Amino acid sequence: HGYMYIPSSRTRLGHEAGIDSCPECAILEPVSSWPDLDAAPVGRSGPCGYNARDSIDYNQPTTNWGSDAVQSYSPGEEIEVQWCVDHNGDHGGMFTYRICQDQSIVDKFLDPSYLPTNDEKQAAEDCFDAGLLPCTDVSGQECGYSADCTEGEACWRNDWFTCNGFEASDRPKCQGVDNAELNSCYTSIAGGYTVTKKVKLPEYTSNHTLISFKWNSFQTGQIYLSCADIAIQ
């Protein structure tokens, strides 16, 4: 259980607006999340997430999210990106951030009067996959391989970030990455822990585009997706 925290995602805003009772619950399942991290169709979840608890589809704006950029950046800027993991749902695994560099695709996710179809959500997901922001694009960032992967498998890739080993004696799992205090970020179930990295934004301008967060489990078949509205100017 988790969701994107910085920049503030649609899911974070849905919870802060008093709409989403369990932001960390928005999940794509059942799916094959491992070891091939991008083969599973994203279905209704799409690149922004769907929360079944309250029937909230984050792929379209409402009065509470999606209307404008939450934060503005510069092309090529190295930025802080953070997600929030629940204390009781820390799965380990691998996660990433993506930006679709096709504005006309993204526009269909910026219209409060339009709900993307599942085919449009998948075409968008494919554009996000193409627009993955690699861990390794940030000078000096350590980009390791997963303790839950072996070379030759489709999870053996350090463009994606990895959580710490599930079985590590010190600082295991995703919480171990920052080793932050409980409730350093909000979750509804048991309180949240931050998971913080940097990415290099693309050399691309938009007054309003999306960054999509994706987190895949290894032990169970589950994917968590969120997106944030940003500007790159």
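Think of the rigid core as the biggest set of C-alphas that the two forms share within 1.5 Å after superposition. Residue numbers run from 1 along the displayed sequence.
A.B. asks: Fitting on the rigid core only, I'd like to know which of the two stretches, 160 to 168 or 181 to 189, ends up farther away in Cα terms in 7 other deposited structures of this protein.
C.D. replies: Output: 160 to 168, the stretch lying farther off on average in 7 other deposited structures of this protein.
A.B. asks: Which of 25 to 33 and 169 to 177 lies farther, on average, from the shown form in 7 other deposited structures of this protein once the rigid core is superposed (C-alpha RMS)?
C.D. replies: With the rigid core superposed, the C-alphas that lie farther in 7 other deposited structures of this protein are those of 169 to 177.
A.B. asks: May I ask you to compare 35 to 43 and 186 to 194 by their mean CA B factor in the entry and name the higher one?
C.D. replies: Per the deposited B-factors, the answer is 186 to 194.
A.B. asks: Going by the B-factors listed in the PDB entry, is the mean over the C-alpha atoms higher for 137 to 145 or for 77 to 85?
C.D. replies: Mean C-alpha B-factor is greater for 137 to 145.
A.B. asks: Compare the CA B factors listed in the entry for 219, 216, 11, 212 and report the winner.
C.D. replies: Of the candidates given, the C-alpha B-factor peaks at 219.
A.B. asks: Quick check on the deposited entry: does the C-alpha B-factor of residue 90 sit in the lowest, middle or highest third of its chain?
C.D. replies: Ranked within chain, residue 90 CA B lands in the highest tercile.
A.B. asks: Quick one: classify residue 71 as lowest, middle or highest third of the chain based on its Cα B-factor.
C.D. replies: Ranked within chain, residue 71 CA B lands in the highest tercile.
A.B. asks: Classify residue 49 as lowest, middle or highest third according to the C-alpha B-factor given in the PDB entry, relative to its own chain.
C.D. replies: Its C-alpha B-factor belongs to the lowest third of this chain's values.
A.B. asks: Pull the Cα B-factor of residue 175 out of the PDB entry and bin it into the chain's lowest, middle or highest third.
C.D. replies: Ranked within chain, residue 175 CA B lands in the middle tercile.
A.B. asks: Taking the chain's C-alpha temperature factors as the reference, tell me which third residue 63 falls into: lowest, middle or highest.
C.D. replies: Top third by C-alpha B-factor.
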